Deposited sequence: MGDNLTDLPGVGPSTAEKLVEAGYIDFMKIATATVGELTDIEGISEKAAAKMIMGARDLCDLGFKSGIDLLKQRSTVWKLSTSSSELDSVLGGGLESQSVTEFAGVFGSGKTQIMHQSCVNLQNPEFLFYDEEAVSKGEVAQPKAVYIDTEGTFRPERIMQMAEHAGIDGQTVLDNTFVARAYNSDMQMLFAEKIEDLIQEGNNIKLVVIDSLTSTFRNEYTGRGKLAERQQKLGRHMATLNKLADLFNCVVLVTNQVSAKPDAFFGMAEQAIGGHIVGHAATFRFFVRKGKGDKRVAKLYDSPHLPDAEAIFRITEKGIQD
């Protein structure tokens, strides 16, 4: 931090104590965020922000440099061929993907499968020229469970069928049981703390993203307070995904909010499930057929 213009030993201590340990967080911070650190002037805050931006090279880019930025995105396999294809490779890091669907369509199953797949290095697709092995080493997941449906037995089972160690998944997955939107949102904001503690959080799951908000803001009169709260939640999720190059997955039961990739899942015959991609930034709408068995997601 002292490398930053105007930042000395004392200021650096104030910053690290306020959660600002890396340059990107400072480079992308508002003057308000820093000035509120107390002892950090608005003039110094402005100087270090401008300084961090330059150190991080946050300016105009064009040509081949545009491709380089896009290549920092790695993708996680869903264990389904059709689904990975519809996704253009797999679940994207630096974006939020929503799996919406009717009761029992498999939203939670997909969340569990992703936690398991994170521990199979062959399921993380990336360009080794833009993404180093070190960046995706010892990956960990965070599962914010707002429904109470996290099931360690299912993790063990899916892991077994995938040929990987179930306990290893459990050891590298953090679960937080949230009973309301306040806890849900706070846990999400605390993920940055886990990373500062040395945990390479590469997958974040929110199951469910919308349940608490709906139960708390039923009265369709104060829909403003609700949309404001959820919007701030989503903004935190998107920034977290971008800054820490990780995959953010969220579920939503449906029989409006921001999400970069949107799926609607319904049941097929028995084992069968059909997931319709109806919104993404660069892909055409398409449907993927897969199944959910004791092995987890397959086909």
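Exercise for review: Can you give me the gaps, meaning deposited-sequence stretches with no C-alpha coordinates, in sequence order?
Suggested key: Residues lacking C-alpha coordinates: 1-4, 260-278.
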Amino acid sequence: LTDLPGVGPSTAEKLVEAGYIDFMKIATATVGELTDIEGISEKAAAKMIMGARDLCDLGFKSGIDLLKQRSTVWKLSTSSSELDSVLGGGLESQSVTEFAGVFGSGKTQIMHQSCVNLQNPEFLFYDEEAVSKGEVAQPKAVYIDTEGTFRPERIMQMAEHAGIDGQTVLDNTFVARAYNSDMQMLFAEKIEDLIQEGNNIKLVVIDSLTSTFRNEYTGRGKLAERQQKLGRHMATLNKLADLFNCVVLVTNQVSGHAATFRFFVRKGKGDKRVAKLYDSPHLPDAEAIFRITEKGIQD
From here on, numbers count along this sequence of modelled residues.
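C-alpha atoms forming the largest set that superposes within 1.5 Å between two forms make up the rigid core.
Review point. Core fit done; bigger CA RMS in 6 other deposited structures of this protein for 131-139 or for 67-75?
Key: Higher average C-alpha offset in 6 other deposited structures of this protein goes to 67-75.
Point to revise | Residue range whose averaged C-alpha B-factor is higher in the record, 7-15 or 277-285 | key: Result: 7-15.
Practice item. Give the stretch, out of 104-112 and 164-172, with the larger mean C-alpha temperature factor in the deposited entry. Key: Higher mean C-alpha B-factor: 164-172.
Practice item. Using the temperature factors in the entry, find which of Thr218, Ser211, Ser80, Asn200 has the highest value at its Cα atom. Key: In this record, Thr218 carries the highest C-alpha B-factor of the candidates.
Review point. Among the chain's modelled residues, which third holds the C-alpha B-factor of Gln228?
Key: Ranked within chain, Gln228 CA B lands in the highest tercile.
Point to revise | CA B-factor ranking of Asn252, expressed as a third of its chain | key: Its C-alpha B-factor belongs to the lowest third of this chain's values.
Point to revise | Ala259 by Cα B-factor - lowest, middle or highest third of the modelled chain | key: For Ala259, whose C-alpha B-factor we compare with every modelled residue in the chain, the answer is the middle third.
Check your understanding: Lowest, middle or highest third of the chain for the C-alpha temperature factor of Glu147?
Key -> Ranked within chain, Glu147 CA B lands in the lowest tercile.
**Study point:** Chain third (lowest, middle, highest) by recorded CA B-factor, residue given as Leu66
**Key:** Answer is middle: the recorded C-alpha B-factor places it there.
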